[PDB]
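Visitor: Just to be clear, this is only the beginning of the complex, oriented as in the whole thing:
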Amino acid sequence: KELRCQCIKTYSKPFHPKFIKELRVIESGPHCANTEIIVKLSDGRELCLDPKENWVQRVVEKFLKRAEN
């Protein structure tokens, strides 16, 4: 339940939110100096995304609007 940082790199190419099926956002703290965004893709693969990127914020917002329907 208590892991260190989970992301070794972040994916830098924008993509459409339809390809996300799960989102995890882990705020920075004693376990990891960076906030981490981990997404599970439609096919089960996992990717980390940079929370400071405008396109990442937009993709997350769009995923949330959809999952909430």
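Guide: Noted; the coordinates are in hand. Numbers count the residues shown, from 1 in each chain, chains lettered A, B, ... in the order given.
Visitor: Just give me the neighbour total for residue A:24.
Guide: Other residues lying near residue A:24 total 12 when counted by other Cβ atoms under 10 Å. Every residue, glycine included, has its C-beta placed from N, CA and C.
Visitor: Skipping its backbone neighbours, what lies nearest it in space?
Guide: Sequence neighbours aside, residue A:38 is the residue nearest to residue A:24 in space, at 4.5 Å (criterion: Cβ to Cβ, 6 or more residues apart in numbering).
Visitor: Mind listing residues that contact the helix or strand hosting that neighbour?
Guide: In this structure, residue A:38 sits in strand A:36-41 according to DSSP states H and E. The contact list for strand A:36-41 (Cβ atoms under 8 Å, 6 or more residues apart in numbering) reads A:5-7, A:19-26, A:46-51, A:56, A:60.
Visitor: Is it possible to mark the buried ones in those?
Guide: Of the members of the contacts of strand A:36-41, the ones counted as buried by neighbours, 16 or more other Cβ atoms under 10 Å, are A:7, A:20, A:23, A:26, A:47-51, A:56, A:60.
Visitor: extra chain here, label it chain B:
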Amino acid sequence: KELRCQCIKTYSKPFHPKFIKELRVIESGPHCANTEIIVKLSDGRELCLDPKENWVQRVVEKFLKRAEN
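Guide: The block that follows adds chain B to the chains above:
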């Protein structure tokens, strides 16, 4: 990695986003007919939230804005 629905009930009292340290959003699919929002609180407890509630959408948005700083 493949669980059924993870939420037995959702917490119905609004609260301040400062008390969230992790957010998971799991879109509905074959594993669970409902989209689920699971938050880890500052002290490690877990709560599920109803994604259709306006206050929940607002708390999530605020958490994201903060974690992204």
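Visitor: and the neighbour count of residue A:24, now that chain B is part of it?
Guide: With neighbours defined by other Cβ atoms under 10 Å in any protein chain shown, the count for residue A:24 comes to 19.
Visitor: In three-state terms, label residue A:21 for me.
Guide: strand (DSSP: H, G, I helix; E, B strand; the rest coil).
Visitor: Now do the same contact list for the residue nearest to it when sequence neighbours are not counted.
Guide: Sequence neighbours aside, residue B:27 is the residue nearest to residue A:21 in space, at 5.1 Å (criterion: Cβ to Cβ, 6 or more residues apart in numbering or on different chains). Contact partners of residue B:27, counting by Cβ atoms under 8 Å, 6 or more residues apart in numbering or on different chains, are A:20-22, A:63, A:66-67, B:35.
Visitor: what sits against the residue lying closest to residue A:37 once chain neighbours are set aside?
Guide: By the measure of Cβ to Cβ, 6+ apart, the closest residue to residue A:37 outside its immediate chain neighbours is residue A:49, 4.4 Å from it. If you count contacts by Cβ under 8 Å, 6+ apart, residue A:49 has them with A:10-11, A:37-39, A:56, A:59-60.
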